[PDB]
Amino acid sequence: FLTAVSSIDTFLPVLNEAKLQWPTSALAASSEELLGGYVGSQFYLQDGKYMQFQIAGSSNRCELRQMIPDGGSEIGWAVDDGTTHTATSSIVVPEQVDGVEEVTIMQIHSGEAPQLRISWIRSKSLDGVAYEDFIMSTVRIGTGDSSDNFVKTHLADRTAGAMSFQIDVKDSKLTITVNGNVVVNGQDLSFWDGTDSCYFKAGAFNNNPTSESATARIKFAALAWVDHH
């Protein structure tokens, strides 16, 4: 078998507060299964050090979903509880194979919608400007489909090396730091005031591929979800 992610210490804290969804939103592995050696080509320890996710197919995923720690059920939190909810990662986004067009690698999501997606995207125009092979944030400020429901930002061009991300939510404000630099500084999340079902996700969620067989692949050198109070 492939080497399991849980065979080293690095990812145990997040696996202790996650379930894996693969190849859809259906459950693939409970937290205890993840901590106890769950493995496959979709989710394995790569190069002795990366938690790697792989998935093909439109809207398919191999994704961790935040759970109450220590064998608890699904978590839900609010954007304005006075604490800071923080997700910190170090991600190697390799060159994506032909047919893969957008891969969501971290989220804040609730019962209804994604508050935030951080995604790799092959090419896109944002605010009249073309970008290629880059990392984007998409924040929902509404539940509709017109462009005014979203705030989209160029976070960074994709690098060969690991790229760090920190997502901080405090007092209905979102901050995204990339390689130690604040990129998104206090984006308003007030539309979500009253929602108590938010949670973090991370992995690979394949969006709008041009081929159903093309496999998205994303490597995490680090991932942690914490609440600072």
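Residue indices: 1-based, along the sequence shown.
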Going by the entry, of stretches 89-97 and 149-157 the one with greater average Cα B-factor is 149-157
Mean Cα B-factor check, 50-58 vs 184-192, entry values; winner is 184-192
For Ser137, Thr104, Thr84, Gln115, the deposited C-alpha B-factor is largest at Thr84
Listed options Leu27, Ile167, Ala202, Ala162: highest C-alpha B factor recorded at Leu27
Chain thirds by Cα B factor, record data; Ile75 belongs to the highest
Sorting the chain's modelled residues by C-alpha B-factor and splitting them into thirds places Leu126 in the highest
Among the modelled residues of its chain, the C-alpha B-factor of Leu2 falls in the third labelled highest
Entry-reported C-alpha B-factor of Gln21 relative to its chain, by third, is lowest
Binned into thirds over the chain's modelled residues, the C-alpha B-factor of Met67 lands in the middle
